[PDB]
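**Student:** Before anything else, here's the structure in question.
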Amino acid sequence: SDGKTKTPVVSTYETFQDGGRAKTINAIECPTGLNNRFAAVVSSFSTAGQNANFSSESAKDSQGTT
Amino acid sequence: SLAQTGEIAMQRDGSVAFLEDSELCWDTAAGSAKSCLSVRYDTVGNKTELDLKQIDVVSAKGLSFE
């Protein structure tokens with residue numbers, strides 16, 4: 299695409315696990331001569347902080363702000 | 233003396249394999265411009281590549297990758 303070689307973008311639904319620790323996601327294995335890219339985009343959110351469970355794609359549990 | 237050269241005929245049963253780095257080409261309406269493709273190996277990658285970069289666009293119906 300415009301002189302640069304690219305692989306198709308692949309998508310995953312991610313939430314942080316409770317405990318406020320960073321989320322580990324494994325990088326895809328790139329063909330020889332290409333480098334890894336990543337992007338996170340906003341889907342659902344509230345100001346609940348730790349009092350929530352958004353891990354279901356079909357519903358969102360939001361218990362309010364601490 | 234016979235010499236098994238590149239002249240060996242490709243069979244419709246596929247029992248005969250192409251030679252390394254040989255190119256399968258099409259006559260195109262560009263006149264005498266050939267639009268080729270091949271299966272190359274990059275030892276500096278240990279990966280097999282199906283190189284279509286001589287063809288401008290590849291148009292598929294369904295398409296899947298891993």
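These protein sequence lines map, in sequence, to chains R and Z. Just so you know, the first sequence maps onto residues 299 to 364 in UniProt numbering. Just so you know, the second sequence maps onto residues 233 to 298 in UniProt numbering. Every residue gets a Cβ at the ideal spot worked out from N, C-alpha and C, and that includes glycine.
How should residue 304 of chain Z be labelled, buried or exposed, when 16 other C-beta atoms within 10 angstroms of its C-beta is the threshold for buried?
**Tutor:** Given a span of 233 to 298 for chain Z in the structure shown, any question on residue 304 of chain Z remains unanswerable.
**Student:** Do you know whose CA, among R/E312, R/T313, R/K321, R/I326, lies nearest R/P306's CA?
**Tutor:** When each option's Cα is compared against that of R/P306, the closest is R/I326.
**Student:** Find the residues of chain R that neighbour Z/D288, judging by a C-beta separation of less than 7 Å, and give them in chain order.
**Tutor:** Going along chain R, no residue has its Cβ under 7 Å from Z/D288, so there is no contact; the nearest lies around 13 Å.
**Student:** Compute the distance between the beta-carbons of Z/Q286 and Z/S264, then report whether it is under 9 Å.
**Tutor:** Result no, Cβ atoms of Z/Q286 and Z/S264 do not sit closer than 9 Å.
**Student:** Would you list, in chain order, the members of the segment 327-347 of chain R that have their beta-carbon closer than 7 Å to a beta-carbon of chain Z?
**Tutor:** For the segment 327-347 of chain R, which is checked against every Cβ of chain Z, the residues closer than 7 Å are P329, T330.
**Student:** Please list the partners that Z/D253 has in chain R, where partner means a Cβ-to-Cβ separation under 8 Å.
**Tutor:** Correct list: empty, because the minimum Cβ distance to chain R is about 17 Å.
**Student:** Could you name the residues of chain R that Z/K293 contacts, counting a contact when the two beta carbons are closer than 8 Å?
**Tutor:** Those within 8 Å of Z/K293 in chain R number zero; the least Cβ separation is about 16 Å.
**Student:** Is R/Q348 near R/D316, with beta carbons less than 9 Å apart?
**Tutor:** In contact: R/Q348 and R/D316 (Cβ atoms closer than 9 Å).
**Student:** Report the residues of the segment 262-281 of chain Z with a CB closer than 9 Å to any CB of chain R, ordered along the chain.
**Tutor:** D274, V276, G277, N278, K279, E281
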